[PDB]
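Below you'll find only one chain, the form deposited in one PDB entry, shown as structure tokens.
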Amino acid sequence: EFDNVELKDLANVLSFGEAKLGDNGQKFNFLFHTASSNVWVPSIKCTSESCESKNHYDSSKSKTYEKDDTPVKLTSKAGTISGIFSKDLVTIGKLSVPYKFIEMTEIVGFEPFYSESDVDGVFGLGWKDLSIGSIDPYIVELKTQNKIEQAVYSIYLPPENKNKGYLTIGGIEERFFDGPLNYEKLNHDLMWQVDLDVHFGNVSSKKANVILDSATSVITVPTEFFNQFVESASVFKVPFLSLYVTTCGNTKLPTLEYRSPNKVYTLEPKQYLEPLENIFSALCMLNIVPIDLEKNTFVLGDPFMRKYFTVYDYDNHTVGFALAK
């Protein structure tokens, strides 16, 4: 019975969708992001070159708008973004609640990928403690105002990368997975992150912090971890043509295991290799990028999510996993 919005592919990442703001259901294309905690839309007031082609929010055209206007500034190396807090009806699907978001006023940097893109802004589905201004998560607010029974959502990406993906709010659709769904405890309520013991052949990392991130097409691993593997690889004749390039038929590659106390999650080469050409390619690239984000931290993006249906439960502070069907 639940609420399902369709997700679309943009750059090997399938978590883009439509959501509406205000009385007059103004439309935007959002990147639905499990690892951030605000919603961002371009304001009509946006003076910047990148805002041109975008959908705009116009508070004057919506009767439900509630002036807030608290200024916001997020400076990063890739660019900067300023804007204001506004309140209004925010709608995904047949679900609609009054909600505080950020109208983007100016946007320097982040070029050219922002203007080159068909996506207007980001719709965070992370946790409160991470959000600018301590705003309750959107799904929690739906629950607070009895629009849905449980503060849960799920992400289904299809295993053969052709069909439609779904973001579902309010309960669990049995039709997305086979087998039992297993729950893991959130280690802390910042992001959607769990303690797992990560193994990749001979290398391992006990008590790793594993972050789910819908918005990346990549699997990440700390530098030291990847160095360890390169060492195991160098020794016993694991044949590479460059650091990240190998044959698509490479039997001798190890399986990435993420082990909880109750369940093992795996990515076989078949899942962490992208081919250099669509079909009939001799050559394949490791879709694993080594990056030090934070001590002992690993990220799971789409390759993991193309295999595992995932459930995000605020009520219970848990993430659920199961094989997608």
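Start at 1 and count along the sequence shown; that's the residue number. The term rigid core refers to the most C-alpha atoms you can superpose between the two forms while keeping them within 1.5 Å.
- Averaged over Cα atoms, the B-factor as recorded in the entry is higher for 161 to 169 than for the other of 161 to 169 and 206 to 214.
- As recorded in the PDB entry, 104 to 112 is the stretch of 119 to 127 and 104 to 112 with the greater mean C-alpha temperature factor.
- If you compare the C-alpha temperature factors of 198, 243, 151, 194 in the entry, 243 comes out highest.
- Across 294, 257, 274, 68, the entry's maximum B-factor at the CA atom is seen for 68.
- Residue 281: CA B factor in the middle third of modelled residues in this chain (values from the PDB entry).
- Split the chain's modelled residues into thirds by C-alpha temperature factor. Residue 83 is in the middle one.
- When the modelled residues of the chain are ordered by C-alpha B-factor, residue 44 sits in the highest third.
- Ranked against the other modelled residues of its chain, the C-alpha B-factor of residue 97 as given in the entry falls in the middle third.
- Among all modelled residues in this chain, the alpha-carbon of residue 239 has a temperature factor (C-alpha) in the highest third.
There is another form of the same protein, the form deposited in another entry; it is not shown, and what comes next is about it.
- After superposition on the rigid core, the single residue among 217, 82, 131, 232 whose C-alpha moves by 2 Å or more between the shown form and the other one is 232.
- Comparing the forms between the shown form and the other one, the C-alpha position of residue 146 differs by less than 2 angstroms, with the core used for superposition.
- With the core superposed, residue 66 shows a C-alpha displacement below 2 Å between the shown form and the other one.
- With the core superposed, residue 49 shows a C-alpha displacement below 2 Å between the shown form and the other one.
- Whereas the shown form places them at one spacing, the Cα atoms of residue 243 and residue 287 lie at least 3 Å closer in that other deposited form.
- Relative to this form, in that other deposited form the C-alpha atoms of residue 278 and residue 266 separate from one another by 3 angstroms or more.
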